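Okay, so here's the structure we're looking at.
FYI, it's all coordinate maths here, none of it is from the lab. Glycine gets a Cβ as well: all are built from the backbone with ideal geometry, and neighbour counts include every protein chain shown.
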Amino acid sequence: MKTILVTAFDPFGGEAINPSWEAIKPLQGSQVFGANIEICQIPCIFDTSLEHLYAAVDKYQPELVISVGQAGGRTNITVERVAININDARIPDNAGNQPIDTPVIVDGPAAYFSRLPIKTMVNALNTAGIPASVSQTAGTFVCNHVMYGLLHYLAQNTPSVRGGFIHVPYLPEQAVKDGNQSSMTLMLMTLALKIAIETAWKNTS
Amino acid sequence: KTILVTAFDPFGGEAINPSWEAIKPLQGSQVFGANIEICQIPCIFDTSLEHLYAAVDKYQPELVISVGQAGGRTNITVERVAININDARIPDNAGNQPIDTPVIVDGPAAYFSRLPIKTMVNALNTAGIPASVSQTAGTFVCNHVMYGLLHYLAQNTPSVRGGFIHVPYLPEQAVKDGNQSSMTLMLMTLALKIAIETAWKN
Amino acid sequence: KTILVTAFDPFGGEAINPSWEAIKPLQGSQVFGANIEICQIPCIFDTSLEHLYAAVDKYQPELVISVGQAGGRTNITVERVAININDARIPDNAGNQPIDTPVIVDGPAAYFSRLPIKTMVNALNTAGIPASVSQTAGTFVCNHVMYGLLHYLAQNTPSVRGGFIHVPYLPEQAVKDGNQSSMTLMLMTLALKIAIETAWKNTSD
Amino acid sequence: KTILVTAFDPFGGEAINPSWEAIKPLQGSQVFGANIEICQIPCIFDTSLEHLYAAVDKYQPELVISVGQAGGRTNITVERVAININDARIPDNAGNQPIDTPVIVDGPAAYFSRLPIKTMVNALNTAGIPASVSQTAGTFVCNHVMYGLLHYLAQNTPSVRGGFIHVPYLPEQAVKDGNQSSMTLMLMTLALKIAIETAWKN
Ligand SMILES: [Cl-]
Ligand SMILES: [Cl-]
Ligand SMILES: [Cl-]
Ligand SMILES: [Cl-]
């Protein structure tokens, strides 16, 4: 059967949970228009993250791959337009790496556009009453690193397969710490991802 | 014993007002020894106060908490102070757009809320709900109603504590604006429950 | 005929206070037959009111305007109301961190500024300077002082109008604080001058 | 030996364009034995590229920095990457509003700026000017021009480095837009002069 692969990260150091993981956990094993969703959690570590990712794309041979990360501070669900060939880290990752301006993949192209039907996804979300928008930057931390890796790997190995990235905001419990920071409940998050993934599946363009 | 909790009908534009939606589920529920009553008031200057005064008079509450919506805010906010000024960016549902007039002529400049605001904000934070104390309720209808409330309690029944909570946008309303913070109806309702129970308990 | 303008000495961290830097050029300057007198006051609860009360007695001014810094704000803000509360998130220059205490016991809950605030915001906006009326002066030393000021004038010299103005970060200040709005000293001085002239003009007959 | 520096004409609504106003004083100013040439280009898709390509052909520059307005940003921003997409919220000066079309058909997805972006941000910060690297130059005419610039340079004169700097609103402009960050004209001109000196030296 057809498989949609959805990924997320383990907690980043400080946090005790990763919301992105928590949000997709309810999707495990569910069916959408004749494809079953597989999930898989990857470490929040440069390069080691791509290894885990590649293994997952390899094992599951998915028709659609969607990675999810957390973008603390953003007000809404954001669907990434583009991944950039650059690691540049404000803080270190889970294994203590803090690369400065080094390529995700050496001699790889400057960027890859997501192949997902991004405007339709954002449109679907807005219509469902969920705030959502297209983003032009996935950042330069692990989230963008994984998005670039994904899109490159699909382009080298299985070019018909569509890949992309979705960032969720802070959970309310996390915004309590930060203080004046936007959040979204776990429940709404899980619903937003579900709507986005169905919409990604139905369409293409 | 009675806890009166109020909200507004929608600001002309919107089809609903989140604040009314959020406290509907609270009606009838028992809090320690007290029962919650709700009552919706029109979102327009001076008439709002009349409906309010009516409700306080009918229910004779031990504790009155008014709720309104503060589009743009990221979290539940509990108000510190109400100010004796109407100054309106837009008109209310009835076309009034007062500029720099008193809420109540010869009334004091301001009233402090009587609620245990910090404790409430703590209960909410502990529960994993973003919340903070605010020093401005605005100068539109919400502040109008807040100042009016506290002045009426101060005149007619000084032992009764009053105050104000602002809720952010619902998610559906933040689609419209675009890049604006929101909070689901469910979470509001839970936050208000915790907030009210805390005020009563203290 | 004297206009007293006050500002603070730098708050512990900072090496200067912009509100002070901004009003220095105004010392001795004429405005419609009045003289500007400036005075720096300590950023400490209670001691500040002492300096302030001293300066008012000394200079016997017909108009008093106090200036402070509101890191974060984008523009010039003219305060509408002073609140009778001290609530300190961090301590003052002398280690005091009062939590929910009167500025003045048994004083009224608040004081409205007696200054012509809309006309001041308008004179600023018309001269191309971003400005707006503010409904809160915070609950640190700046509001503490605004409140004491209005109280003191009300009690001793009731025809004398008082009010508070907040300036934003200087650009050098915003460098550290990363993503923060600033305004140059030059613009700040210019704004304060226009604000003060406008105040003096609409405090006549 | 010429540094070409470009800016846009006022955008439809606006009466001036801060990007142009801030580079005017730089005309013919010398920096380390190079001379600065400025040129204003239209805020129209494609037509802008034709002007740009012509200025590069005429002036034969060793360095090319394009400047633009990013209303709302708090500081000077130095762009890191240009994106091969036109996606316009509103139309350009000539009524064009492309939705999701390539800037240049069959071009690579992006170009990195060849400027020393971190060094420029550091010199600015060191000099007390707020500034930072940006990962998106938007998808309107500014990004359009950046991409065209870097692509043109790469196909015709690959030795020559190119890049983009965004400036915030002038205070004049933030008066309208209300609660908006600004930076005075003088501080912009200063910032731009330090960035270009730094870019040339490295
Ligand atoms: Cl994450
Ligand atoms: Cl409301
Ligand atoms: Cl200050
Ligand atoms: Cl521009």
Quick one: would you say D:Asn84 is within 10 Å of another protein chain (Cβ to nearest Cβ), surrounded by 21 or more Cβ atoms within 10 Å (Cβ to Cβ), of a type outside the set (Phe, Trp, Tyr) and in contact with a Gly (Cβ under 6 Å, 6 or more places away or on another chain)?
yes
Check the stretch B:144-152 and report whether any residue there is away from every other protein chain (no Cβ under 13 Å), of a type outside the set (D, E, K, R) and farther than 26 Å from B:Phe11 by Cβ.
no
Residues of the stretch A:6-21 being over 19 Å from A:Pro92 (Cβ atoms) and either buried (at least 16 other Cβ atoms within 10 Å of the Cβ) or within 16 Å of ligand 2 (Cβ to nearest atom) (or both), in sequence order, are A:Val6, A:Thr7, A:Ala8, A:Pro19, A:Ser20, A:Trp21
Of all residues in the stretch D:8-22, which are small (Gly, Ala, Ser) and over 16 Å from the mean Cα position of the chain (by Cα)?
D:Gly12, D:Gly13, D:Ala15
Hey, C:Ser113 touching a residue at least 40 places away in the same chain (Cβ under 8 Å) and closer than 27 Å to B:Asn84 by Cα or not
yes
Pick from the stretch D:60-72, criterion assigned to a loop (DSSP other than H, G, I, E, B) and under 17 Å from the mean Cα position of the chain (by Cα), ranking: surrounded by the fewest Cβ atoms within 10 Å (Cβ to Cβ)
D:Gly72
So is C:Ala110 surrounded by 19 or more Cβ atoms within 10 Å (Cβ to Cβ), under 24 Å from B:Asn143 (Cβ atoms), aliphatic (A, V, I, L, M) and within 14 Å of chain B (Cβ to nearest Cβ) or not?
yes
Test: residue in the stretch B:147-155 that is surrounded by 22 or more Cβ atoms within 10 Å (Cβ to Cβ), farther than 30 Å from A:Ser182 by Cβ and either of a type in the set (A, V, I, L, M) or within 16 Å of ligand 3 (Cβ to nearest atom) (or both):
yes
Hey, D:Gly12 in contact with a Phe, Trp or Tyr (Cβ under 7 Å, 6 or more places away or on another chain), within 13 Å of ligand 4 (Cβ to nearest atom) and not in a strand (DSSP E or B) or not:
no
If I go through the stretch D:129-138 residue by residue, how many of them are of a type in the set (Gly, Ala, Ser), assigned to a loop (DSSP other than H, G, I, E, B) and surrounded by fewer than 24 Cβ atoms within 10 Å (Cβ to Cβ)?
1
Mind checking whether some residue in the stretch C:182-195 is under 26 Å from D:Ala174 (Cβ atoms), away from chain D (no Cβ under 14 Å) and either surrounded by fewer than 23 Cβ atoms within 10 Å (Cβ to Cβ) or over 18 Å from the mean Cα position of the chain (by Cα) (or both)?
yes
Taking the stretch C:120-148 as the search range and keeping residues that are within 11 Å of chain B (Cβ to nearest Cβ) and either in a strand (DSSP E or B) or of a type in the set (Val, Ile, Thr) (or both), which one is nearest to C:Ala88 (Cα to Cα)?
C:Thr139
Of residues in the stretch B:156-172 being within 13 Å of chain A (Cβ to nearest Cβ) and farther than 20 Å from B:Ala195 by Cβ, the one surrounded by the fewest Cβ atoms within 10 Å (Cβ to Cβ)
B:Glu172
Examine the stretch A:28-41 for a residue that is away from ligand 3 (no atom under 16 Å from the Cβ) and either part of a helix (DSSP H, G or I) or within 14 Å of chain B (Cβ to nearest Cβ) (or both), and state whether such a residue exists.
no
Answer yes or no: is there a residue in the stretch A:97-105 that is farther than 25 Å from D:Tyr111 by Cα, within 9 Å of another protein chain (Cβ to nearest Cβ) and of a type outside the set (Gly, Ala, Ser).
no
Subset of the stretch C:42-71 [away from ligand 3 (no atom under 11 Å from the Cβ) and over 20 Å from C:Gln27 (Cβ atoms)]
C:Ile44, C:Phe45, C:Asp46, C:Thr47, C:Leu49, C:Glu50, C:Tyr53
What tally of residues in the stretch A:159-173 results from selecting those that are within 12 Å of another protein chain (Cβ to nearest Cβ) and either buried (at least 23 other Cβ atoms within 10 Å of the Cβ) or within 19 Å of B:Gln180 (Cβ to Cβ) (or both)?
4
Given the criteria of a type in the set (S, T, N, Q) and away from chain C (no Cβ under 12 Å), does B:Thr119 qualify?
no
Condition set crowded, with 21+ Cβ neighbours inside 10 Å and not in a helix (DSSP H, G or I), scope the stretch D:39-59, selection nearest to ligand 2 (Cβ to nearest atom): answer is D:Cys43
Which of the strands (runs of 3 or more DSSP E) found entirely inside the stretch A:55-103 contain at least 3 residues meeting this: surrounded by fewer than 24 Cβ atoms within 10 Å (Cβ to Cβ)?
A:100-102
Scanning the stretch C:12-25 for residues that are assigned to a helix (DSSP H, G or I) and under 24 Å from C:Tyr147 (Cα atoms), the one farthest from ligand 3 (Cβ to nearest atom) turns out to be C:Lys24
Out of B:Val175, B:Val141, B:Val105, report the one residue that is more than 9 Å from every other protein chain (Cβ to nearest Cβ), crowded, with 19+ Cβ neighbours inside 10 Å and either among the small types (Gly, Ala, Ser) or out of contact with any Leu (no Cβ under 6 Å at 6 or more places or on another chain) (or both).
B:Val141
Among the residues listed as D:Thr47, D:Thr2, the single one being β-branched (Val, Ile, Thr) and within 18 Å of D:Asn143 (Cβ to Cβ):
D:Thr47
Scan of the stretch D:73-128 for residues that are of a type in the set (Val, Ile, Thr) and either assigned to a loop (DSSP other than H, G, I, E, B) or free of Cβ contacts under 8 Å to residues at least 60 places away in the same chain (or both), ordered by number
D:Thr74, D:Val81, D:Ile85, D:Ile90, D:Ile99, D:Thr101, D:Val103, D:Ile104, D:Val105, D:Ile117, D:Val121, D:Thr126
Verdict on C:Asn156 being more than 9 Å from chain D (Cβ to nearest Cβ) and either away from ligand 2 (no atom under 16 Å from the Cβ) or within 30 Å of B:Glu79 (Cα to Cα) (or both)
yes
Take A:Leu151 and tell me if it is surrounded by 17 or more Cβ atoms within 10 Å (Cβ to Cβ), within 11 Å of another protein chain (Cβ to nearest Cβ) and either β-branched (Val, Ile, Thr) or closer than 19 Å to A:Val65 by Cβ (or both).
yes
